[PDB]
């Protein structure tokens, strides 16, 4: 077999049988052989074992003659930003944010923070590590500590006109991940009043592993919004490359609707741009992008595909319904910080609440939410769905699984690239009844 920690998009496994300091050192050696010239940026998340894994990575890299730029405890987006900003040969973020307590991982990028994925270097690294029985060399390169966040913070603040911001009251919930450290560095330069929930970084995660999608975790942010009369709330995953929004009523806003909203926010600053979106939920994004004079570009889901498509299109912005938002000048990469700054500015300038910014769009294009299925035979289940609907002759697109457009309703059905599951999304043209009957019909077919 092969080392199971090497997945399609990153490295992820239980410590210490699937990921440990010796593997991390070997990964550093192998990474050095996979990159063009230059130093390598390293950072890590709040998990207790993360520093030691980073240090082993550094030892392997420096044994291979790579200078290391240690950016410290950070978010994943800071590894992306510093790798590109400093013109480094690549970067590694030590994190496996959503996984259980005994798990860690690594996200790897090359020049300009371009992803290293299974077919673009990661499995080459895996195979080198797998066969590497050499004794560890000693370091022949240096490590520098570079914890200055000025250029990163200035980049974040460039997405808003400070003089137009109003003193909104914002709930922020880092979930004991790392997001609060950036919020607090930004706060002196913003007029907002922050209500800080689960704010201190704690790798023991006393309030649960950060995952705002779990209803119990979602409810902590919703309660804080309602109880404090906040204008909106923001929660993050642990490495804070994903952001999650709650309007003033406490209602969680499905990520689908933020894609169109953020696209309009960016198109106001960069008119006529191309906007990359995924195939799971589309109609609202296409309409809002075109209404704002942008050009929507359909792309397979998954951060590496989004980024490569954005690059080829000079796209100003990309958005996935899975809470990932990508910005051209941010190394074409995803940020959990840029989106809430943009939303705070929209609310400030428009005088409209976040609820009003999305309400009509949610009524116009209601969606199922992503529904996941572990079935005995994914291929037979997909075929059962398609055969059932054949007599209606949907328009079919195979960008990412199967997308079927029936006119007043559509669905996307695909296999996950990170887990052995099928993922379903359905939306309709303003018809909540059709949404529910079709969702339940597909569900029954998949479970058959």
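Definition used throughout: the rigid core is the maximal C-alpha set that superposes within 1.5 Å between two forms. Numbering follows the first chain given and starts at 1.
Student: To spell it out: superpose each other structure in 8 other deposited structures of this protein onto this one by the rigid core, compute Cα RMS over structures and residues for 420 to 428 and for 10 to 18. Which is larger?
Tutor: Taking the RMS over all superposed structures in 8 other deposited structures of this protein, 420 to 428 lies farther out.
Student: Core fit done; bigger CA RMS in 8 other deposited structures of this protein for 374 to 382 or for 108 to 116?
Tutor: More C-alpha displacement in 8 other deposited structures of this protein shows up in 374 to 382.
Student: Between 83 to 91 and 229 to 237, which has the higher average C-alpha B-factor in the PDB entry?
Tutor: It is 83 to 91 that shows the higher mean C-alpha B-factor.
Student: Tell me which of 159 to 167 and 318 to 326 has the higher mean C-alpha B-factor in the deposited entry.
Tutor: According to the entry, 159 to 167 carries the higher average C-alpha B-factor.
Student: Per the entry's Cα B factor values, which of 354, 209, 197, 153 stands out as the maximum?
Tutor: The record points to 209.
Student: Could you check 29, 390, 413, 41 and tell me which one carries the biggest Cα B-factor in the deposited entry?
Tutor: Within the set 29, 390, 413, 41, 390 shows the top C-alpha B-factor.
Student: Place residue 74 in the lowest, middle or highest third of its chain's C-alpha B-factors, as listed in the PDB entry.
Tutor: Residue 74: CA B-factor falls in the middle third of its chain.
Student: C-alpha B factor of residue 433, ranked within the chain: lowest, middle or highest third?
Tutor: Residue 433: CA B-factor falls in the lowest third of its chain.
Student: Lowest, middle or highest third of the chain for the C-alpha temperature factor of residue 149?
Tutor: For residue 149, whose C-alpha B-factor we compare with every modelled residue in the chain, the answer is the highest third.
Student: Compare the C-alpha B factor of residue 424 with those of the other modelled residues in its chain, then answer lowest, middle or highest third.
Tutor: As the PDB entry reports it, the C-alpha B-factor of residue 424 lands in the lowest third of its chain.
Student: By its CA B factor, does residue 368 count among the lowest, middle or highest third of the modelled residues in the chain?
Tutor: Lowest third, going by the recorded CA B-factors of the chain.
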